[PDB]
There are 2 protein chains.
Amino acid sequence: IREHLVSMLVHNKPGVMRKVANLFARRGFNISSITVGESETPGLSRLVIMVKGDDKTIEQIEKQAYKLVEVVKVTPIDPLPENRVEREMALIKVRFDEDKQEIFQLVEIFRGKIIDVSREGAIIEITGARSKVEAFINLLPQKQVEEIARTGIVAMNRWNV
Amino acid sequence: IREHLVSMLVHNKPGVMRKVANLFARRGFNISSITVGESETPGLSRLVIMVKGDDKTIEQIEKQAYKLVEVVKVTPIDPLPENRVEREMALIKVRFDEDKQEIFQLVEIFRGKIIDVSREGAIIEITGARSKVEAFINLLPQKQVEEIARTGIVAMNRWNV
Ligand SMILES: [Mg+2]
Ligand SMILES: [Mg+2]
């Protein structure tokens, strides 16, 4: 009923992602997005998970994650969009068809970056809220999009104001 | 012995990530990084995996992935760094300590973005090659880094030149 966001600090060693995927699958969790990479603490990874569910969802995930010994801190992200930041990044390969200029214009308007060009097309890098990224993707001529590689959402609570 | 990069298109439904994590764990694959999100084809996700291994590594992963019926295309990424693009994104929460100006300068030099500020600190968004992202993170006063949330690597082959 609402998408929820949770950040999670896990001891990083061989076999660990296998474990958290298992726990989430064999608990009936509807995961929409997952991000994973090094954290602020060397030796610990941070995962951001978005899960589609009800208001008991965050408690549930908390309770169940903590049963992996490797799960060392679970941090819910504020449900108020005003209280957090959310970002996604996409790499987009587009072929030109007499429209170099419309495409480059679009990249400029969205503050994207061209990171590869040939006579045939470009690769564009785009970062922003998920709805900026998607709005951008949808504005491209769909027959000309060759490839799209996307991260999930990274999110964090804002500084308290 | 070398890090290898592979892109992979998978049918996206409940239980799917569980499966590919299982196959990779119970095959002895040393996964350094994983990215996942929607692809250019609606209904299919694209995953980018980096795996530390020998020259048989890409074949192996190919052979073994294809045994999940949901794995629908495996694309190795060019091993020549000249032939591909690689990008990572990080969200970084930093506390100020009489050094607003050094920090903002640093963000400008790395073409990062300030996406949250208070009197206490900022959240910085940074995108680039993994060594630009890490060089940036290492340049911050380590006692002042509160939080770091990172995607893995997204990668793609360049247009043929
Ligand atoms: Mg514990
Ligand atoms: Mg098949």
# chains A, B, ... in the order shown; residues from 1 in each chain; ligands from 1
call {"tool": "residues_around", "arguments": {"residues": "residue 153 of chain A", "least_positions_apart": "3", "cutoff": "9 Å", "atoms": "only C-alpha atoms", "output": "ChimeraX atom specification"}}
result
/A:33-35,48-50,86-89,129-130 /B:151
call {"tool": "write_last_selection", "arguments": {"atoms": "N, CA, C and O atoms", "output": "compact mmCIF listing (two decimals), in the first residue's frame"}}
result
# COMPACT_ATOMS: atom_id res chain seq x y z
N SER A 33 13.23 -2.39 -4.96
CA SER A 33 14.54 -1.84 -5.34
C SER A 33 15.51 -2.22 -4.29
O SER A 33 15.13 -2.31 -3.13
N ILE A 34 16.76 -2.46 -4.68
CA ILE A 34 17.88 -2.71 -3.74
C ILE A 34 19.18 -2.11 -4.28
O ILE A 34 19.51 -2.25 -5.47
N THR A 35 19.92 -1.48 -3.39
CA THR A 35 21.19 -0.87 -3.71
C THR A 35 22.20 -1.48 -2.72
O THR A 35 21.82 -1.79 -1.62
N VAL A 48 20.24 -0.34 0.71
CA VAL A 48 19.02 0.42 0.77
C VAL A 48 18.03 -0.41 0.04
O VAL A 48 18.31 -0.90 -1.06
N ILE A 49 16.90 -0.60 0.69
CA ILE A 49 15.86 -1.48 0.21
C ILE A 49 14.59 -0.67 0.21
O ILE A 49 14.31 0.10 1.13
N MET A 50 13.84 -0.83 -0.85
CA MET A 50 12.53 -0.30 -0.88
C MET A 50 11.59 -1.49 -0.94
O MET A 50 11.84 -2.44 -1.65
N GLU A 86 16.39 11.08 -2.15
CA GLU A 86 16.35 9.80 -2.91
C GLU A 86 16.97 10.06 -4.26
O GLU A 86 16.64 11.04 -4.91
N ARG A 87 17.88 9.21 -4.69
CA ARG A 87 18.52 9.40 -5.95
C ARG A 87 18.67 8.09 -6.62
O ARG A 87 18.91 7.07 -5.95
N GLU A 88 18.57 8.15 -7.94
CA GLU A 88 18.85 7.04 -8.80
C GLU A 88 19.84 7.50 -9.91
O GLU A 88 19.89 8.67 -10.26
N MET A 89 20.62 6.58 -10.45
CA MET A 89 21.41 6.89 -11.61
C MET A 89 21.13 5.90 -12.77
O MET A 89 20.94 4.72 -12.52
N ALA A 129 16.05 12.27 -8.68
CA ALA A 129 14.90 11.51 -8.20
C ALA A 129 14.41 10.48 -9.24
O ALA A 129 14.60 10.65 -10.46
N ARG A 130 13.78 9.42 -8.80
CA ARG A 130 13.32 8.40 -9.73
C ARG A 130 12.36 8.95 -10.80
O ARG A 130 12.43 8.58 -11.98
N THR B 151 25.98 2.97 -4.80
CA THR B 151 25.45 1.98 -5.73
C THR B 151 26.67 1.12 -6.08
O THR B 151 27.82 1.50 -5.79
call {"tool": "residues_around", "arguments": {"residues": "residue 47 of chain B", "least_positions_apart": "3", "cutoff": "7 Å", "atoms": "only C-alpha atoms", "output": "PyMOL selection string"}}
result
chain B and resi 7-9+34-37
call {"tool": "residues_near_ligand", "arguments": {"ligand": "ligand 2", "cutoff": "8 Å", "atoms": "only C-alpha atoms and all ligand atoms", "output": "PyMOL selection string"}}
result
chain B and resi 66-73
call {"tool": "write_last_selection", "arguments": {"atoms": "C-alpha atoms", "output": "short mmCIF file (atom, residue, chain, number, x, y, z; two decimals), in the first residue's frame"}}
result
data_model
loop_
_atom_site.label_atom_id
_atom_site.label_comp_id
_atom_site.auth_asym_id
_atom_site.auth_seq_id
_atom_site.Cartn_x
_atom_site.Cartn_y
_atom_site.Cartn_z
CA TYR B 66 21.59 -19.56 -18.30
CA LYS B 67 20.34 -22.40 -16.13
CA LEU B 68 17.93 -20.06 -14.47
CA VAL B 69 15.03 -19.98 -16.90
CA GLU B 70 14.51 -16.29 -15.85
CA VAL B 71 18.00 -15.41 -17.13
CA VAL B 72 17.25 -14.33 -20.67
CA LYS B 73 20.45 -12.72 -21.87
#
call {"tool": "residues_around", "arguments": {"residues": "segment 92-100 of chain A", "least_positions_apart": "2", "cutoff": "8 Å", "atoms": "only C-alpha atoms", "output": "PyMOL selection string"}}
result
chain A and resi 90+102-104+119-126+144-149
call {"tool": "residues_around", "arguments": {"residues": "residue 118 of chain A", "least_positions_apart": "6", "cutoff": "9 Å", "atoms": "only C-alpha atoms", "output": "MDAnalysis selection string"}}
result
chainID B and resid 158:161
call {"tool": "write_last_selection", "arguments": {"atoms": "C-alpha atoms", "output": "mmCIF file, in the first residue's frame"}}
result
data_model
loop_
_atom_site.group_PDB
_atom_site.id
_atom_site.type_symbol
_atom_site.label_atom_id
_atom_site.label_comp_id
_atom_site.auth_asym_id
_atom_site.auth_seq_id
_atom_site.Cartn_x
_atom_site.Cartn_y
_atom_site.Cartn_z
ATOM 1 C CA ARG B 158 30.855 1.921 -25.769
ATOM 2 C CA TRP B 159 29.560 2.452 -29.263
ATOM 3 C CA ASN B 160 31.886 0.837 -31.782
ATOM 4 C CA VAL B 161 34.321 3.380 -33.255
#
call {"tool": "atom_distance", "arguments": {"atom1": "atom CA of residue 63 of chain A", "atom2": "atom CA of residue 155 of chain A"}}
result
20.9 Å
